[PDB]
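Visitor: Okay, here's the structure, questions in a sec.
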Amino acid sequence: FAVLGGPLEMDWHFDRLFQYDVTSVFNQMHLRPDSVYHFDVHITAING
Amino acid sequence: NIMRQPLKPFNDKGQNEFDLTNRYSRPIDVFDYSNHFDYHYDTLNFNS
Amino acid sequence: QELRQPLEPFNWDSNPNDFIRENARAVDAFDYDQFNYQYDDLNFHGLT
Ligand SMILES: *[C@@H]1O[C@H](CO)[C@@H](O)[C@H](O)[C@H]1NC(C)=O
């Protein structure tokens with residue numbers, strides 16, 4: 001997904017919890033949520 | 001040398017009493033099941 | 001994914017007890033039947 005921000009704009013944050021649909025990859029790996037795994041997150045600015 | 005050859009033993013009406021397969025015994029026919037056997041699959045999915 | 005990790009330090013070898021060592025997890029901790037302790041009267045101000 002993407003995150004919006006810029007030097008001119010001021011502080012912000014969401015109280016709620018953004019939700020993402022991740023069923024297909026779990027079905028692919030045959031990995032139930034209770035099994036052993038982890039996530040890896042990468043963040044990259046627009047300017048590269 | 002085989003793709004246009006009758007395929008045993010479904011040619012014989014005495015051996016096999018089902019006329020449809022006997023008529024469609026040509027191995028060329030197996031690809032055109034959609035137009036000769038009209039049986040389909042639920043989905044072309046494979047491992048999600 | 002956070003209610004699955006082993007509960008330190010109860011997974012160590014410095015655990016004098018043997019029963020909780022192998023089921024010192026978050027999911028299996030929701031039942032007190034295997035922990036052998038029980039309550040007398042769990043009523044709330046006499047309201048049940
Ligand atoms: C891209 O923007 C970030 C904003 O923090 C900045 O730190 C970084 O130096 C910028 N890089 C380039 C190549 O513009």
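Every residue, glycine among them, receives a Cβ derived from its backbone with ideal geometry; neighbour counts consider all protein chains shown. Only the coordinates and a few stated rules stand behind these numbers; no lab work does.
Visitor: Please enumerate the residues belonging to region B:30-48 that are within 25 Å of residue B:3 (Cβ to Cβ) and touching a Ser or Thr at 6+ places or on another chain (Cβ under 8 Å).
Guide: Passing the criteria: only B:40.
Visitor: Considering only residues that are farther than 30 Å from residue C:27 by Cα and among the hydrophobic types (A, V, I, L, M, F, W, C), look in region A:15-48 and name the one that is nearest to the other protein chains (Cβ to nearest Cβ).
Guide: A:43
Visitor: Give the residues of region B:33-48 that are loosely packed, with under 10 Cβ neighbours inside 10 Å and within 14 Å of chain A (Cβ to nearest Cβ), sorted by residue number.
Guide: Listed by number, the residues that qualify are B:43, B:45, B:46, B:47.
Visitor: Of all residues in chain A, count the ones that are of a type in the set (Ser, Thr, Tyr), away from the ligand (no atom under 15 Å from the Cβ) and either farther than 30 Å from residue C:6 by Cα or in contact (Cβ under 8 Å) with a residue 12 or more places away in the chain (or both).
Guide: Selection size over chain A: 1.
Visitor: Filter region C:1-39 down to residues that are under 9 Å from the mean Cα position of the chain (by Cα) and of a type in the set (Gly, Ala, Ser) and give me whichever is nearest to the other protein chains (Cβ to nearest Cβ).
Guide: Step by step, filter region C:1-39, then rank; the result is C:26.
Visitor: Taking the stated definitions as given, is residue A:32 in contact with a helix residue (DSSP H, G or I) (Cβ under 8 Å, 6 or more places away or on another chain) and not polar (S, T, N, Q)?
Guide: For residue A:32, the condition - in contact with a helix residue (DSSP H, G or I) (Cβ under 8 Å, 6 or more places away or on another chain) and not polar (S, T, N, Q) - is met.
Visitor: While we're here: Only residues that are surrounded by 13 or more Cβ atoms within 10 Å (Cβ to Cβ), outside any helix (DSSP H, G or I) and either free of Cβ contacts under 8 Å to residues at least 12 places away in the same chain or on the phi > 0 side of the Ramachandran plot (or both): list them for region B:1-32, please.
Guide: Correct list: B:16 only.
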